[PDB]
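Notes follow once the structure below has been shown.
Counting neighbours? That spans all protein chains shown, and the Cβs are built from the backbone with ideal geometry, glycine included. All of the numbers you see were taken from the coordinates with simple rules; none came from a lab.
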Amino acid sequence: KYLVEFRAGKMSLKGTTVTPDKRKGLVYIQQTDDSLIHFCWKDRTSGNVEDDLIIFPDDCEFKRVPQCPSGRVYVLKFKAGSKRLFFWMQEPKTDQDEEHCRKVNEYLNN
């Protein structure tokens, strides 16, 4: 089962433009039986897992992108390299956004 899951959409880079993907999605973290930790994004409608990244401790930090007026954009930032993956919370209430973010960091880095 999942260590962490929450509703969120993803974004993609088209050309040089970061573009929110409109699809309803699920971000989740799962530990597989080889003990590796997978940070995933699943399309809720199709159930297809489109992103599945193996993440080791200290590879990444998940954080709010403050200057987005929604206040619901988060970035998974790879501390080594420029790599960023952007997500946007789709939970109906914002109340748990910061707790979801906190959980991502805990399960990736501890």
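Once both labels are modelled 7 Å past Cα along the beta-carbon direction, what's the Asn109-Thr45 spacing in nm?
In this crude spin-label approximation the distance works out to 3.5 nm.
Any chance you could get the radius of gyration and Dmax over the Cα atoms of the range 9-110, in Å?
13.4, 40
Where is the GNM fluctuation largest for the chain (alpha-carbon springs, 10 angstrom cutoff): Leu76, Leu36, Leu85?
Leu36
222 nm [θ] for the chain, helices only, -39500 (n - 2.57) per DSSP H run of 4+, per residue, to 500?
On the way: 1 runs with 13 residues, N = 110.
Result for the chain: -3500 deg cm²/dmol, rounded to the nearest 500.
What does the charge add up to near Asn109, with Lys and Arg as +1, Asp and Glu as -1, over the other residues with Cβ less than 15 Å from its Cβ?
Working: positive: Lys63, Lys77, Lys79, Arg102, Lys103; negative: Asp58, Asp59, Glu61, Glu106.
It works out to a net charge of +1.
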